[PDB]
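> Before we start, here is the structure in question, set down as structure tokens.
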Amino acid sequence: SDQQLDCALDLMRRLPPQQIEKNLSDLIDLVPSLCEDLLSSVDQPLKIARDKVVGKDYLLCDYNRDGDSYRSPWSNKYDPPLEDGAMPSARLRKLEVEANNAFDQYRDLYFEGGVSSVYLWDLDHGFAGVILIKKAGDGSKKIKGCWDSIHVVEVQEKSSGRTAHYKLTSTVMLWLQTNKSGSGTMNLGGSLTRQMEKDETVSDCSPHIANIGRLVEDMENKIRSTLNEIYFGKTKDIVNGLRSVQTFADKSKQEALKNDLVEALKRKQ
Amino acid sequence: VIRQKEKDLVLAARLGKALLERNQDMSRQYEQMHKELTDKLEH
Amino acid sequence: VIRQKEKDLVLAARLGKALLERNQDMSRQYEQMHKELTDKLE
Amino acid sequence: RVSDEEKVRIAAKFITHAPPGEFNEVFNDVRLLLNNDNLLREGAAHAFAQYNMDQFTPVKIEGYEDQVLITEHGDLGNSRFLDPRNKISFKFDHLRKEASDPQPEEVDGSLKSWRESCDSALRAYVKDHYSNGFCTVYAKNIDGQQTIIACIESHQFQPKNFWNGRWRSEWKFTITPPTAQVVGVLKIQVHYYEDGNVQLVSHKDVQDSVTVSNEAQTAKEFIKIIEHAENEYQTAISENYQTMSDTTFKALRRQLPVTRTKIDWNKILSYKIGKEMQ
């Protein structure tokens, strides 16, 4: 049933990014023996939890999925009440609380709201973390958007000397809508994923978390940019290439002179 | 064969892991050589 | 039973071989960096 | 465990949301998955009928070289859509994507004059603004009302360039002679997946009216309303794409912060910016 899995992933690849959760559950309802085989490479939105003791929010994924509970980084507690989970290193717990702090600053600077979370775990010669960012559109506004970001980062620290090897994998799951009069309703799905790795020197002024912050910042700038120009301009190009606004036989004139100049440019070769 | 490929495929994996550790020890000494070169750079 | 072991262990030994490719790229880039470290020393 | 009757709703859900130009691939990924061609045979056959009747599927007519469109508004049961052009009935295999039985449809006669009249004017319009467009006009005496259901469809299926797109357009030319409230819809679905995945789904609920003055006048006038709304809609869509870096995305994620600078991570981590002080 391995070909069945390949076609299943391609089906999710071509599936409409509006009902990712429901249709993923449906596809799992086909072959439930292949269920938690798909929940590793099928990108879907996030789940907002609620830290009761702190009064914050924290997102849900597999990295915080300790057993079947979730480690709330604002409290380092598990919900459902599992007092047998895998607590992170106390060292990494302090590094994680400052990580959550720095990314709250990051999130507030670019997203001006939204929910974020940064979990962490070990490595033999380093550590690794995940960065969840979920920005839903302004509910008051008509723009029904939902920015979703997941950043798999793996700090492969070298021997000593404080130089590292920062491996990072990201993912953006966009969502957009406008109920504008000129467009009626213009829905706009979309999703990206990239990888980047750099070896920035670690120091007392340049900790690991700062290097990760620069990488996440650059990565999201590239993804948002890349999206907006390449992919969205590509869609605009497709709509313009399908139907043209200019009347034909006028386009035959401009394309006529265009082919004339094609002959002119390829005439003096 | 179930058993014979168990022996040889896990053996190829064991030898592959041994070669992994060979390149690992190489890389260990490589970063040791790296830090030595940086020590000279420091001087 | 059989093909499970065949697929998983052939590609698993080749996953360790993927780590061999990884480690080979590690050694390659390390020696290139050694050349560059010597360049800075020069 | 899930029953078999729910698989029909599942396959229907996967076919009714298949992007244009990618139906066969959804079929392969559902044939090699549902494992019972009988269940998806009946259920998915109805789903195929839906997916091919709604999206104005391009069907080839081998006799007159026209490539007419199958619109939901015309049928006689066993894929017996009534081709308005050439007055021929036809069967069609939704999967083979090949029509059958070009029997010369003995149409009862509803609005055949309007059919080829507004069809002709729309053929001129399609040959003006649509590159690979296709026109089809359904004439019907629906529930005691004469109407023209002019449909427009254009598409580009380029799998080597990892994209698709199917401009679909319907115009219920409601032949309510004193006030033709020409209300239709222009739904668009565009997919692009080169090294990623992007889907554009839109539609404009066009609403316009005009008195059915004459036939040729309302034919080209129907084209006037059509050219108006379509030039308007395509242009407006392009400018929505123009004003997206600073408005829609800024609703989601700004390009740069409000301070118009990068982040001094060394500053935030080194000390608290003074957020404790207010």
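In the structure tokens, the first chain shown is A, the next is B, and so on; residue numbers restart at 1 for each chain, and ligands run from 1 in the order shown.
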Could you tell me which residues of chain C sit within 12 Å of chain A when counting only C-alpha atoms, and give me the result as a list in words?
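Close enough to count are residues 3, 4, 7, 8, 26 and 33 of chain C.
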> Give me, as a list in words, the contact residues of chain A against chain B at a cut-off of 10 Å, counting only C-alpha atoms.
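Matching residues, ligands excluded from the count: residues 158, 159, 160 and 161 of chain A.
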> From a backbone DSSP assignment, name each residue in region 9-184 of chain D labelled helix (DSSP H, G or I), as a PyMOL selection string.
chain D and resi 9-15+23-34+39-54+85-87+112-129+142-144+159-161
> Please provide the set of residues having any atom within 12 Å of region 10-24 of chain C, restricted to only C-alpha atoms, with same-chain residues fewer than 6 positions apart removed, written as an MDAnalysis selection string.
(chainID B and resid 5:28 30) or (chainID C and resid 2:4 30:31)
> For residue 201 (chain A), please output as number ranges by chain all residues within 7 Å (counting only C-alpha atoms; exclusion window: fewer than 6 positions along the same chain).
A: 162-164
> Could you name the residues that touch region 136-150 of chain A at 8 Å or less, counting only C-alpha atoms, but leaving out those on the same chain fewer than 5 positions away, as a PyMOL selection string?
(chain A and resi 45-46+114+130-131+170-179) or (chain D and resi 248+251-253)
> Looking at A:26, A:124, A:255, A:157, which one is nearest to chain D, with distances taken over only C-alpha atoms?
A:26
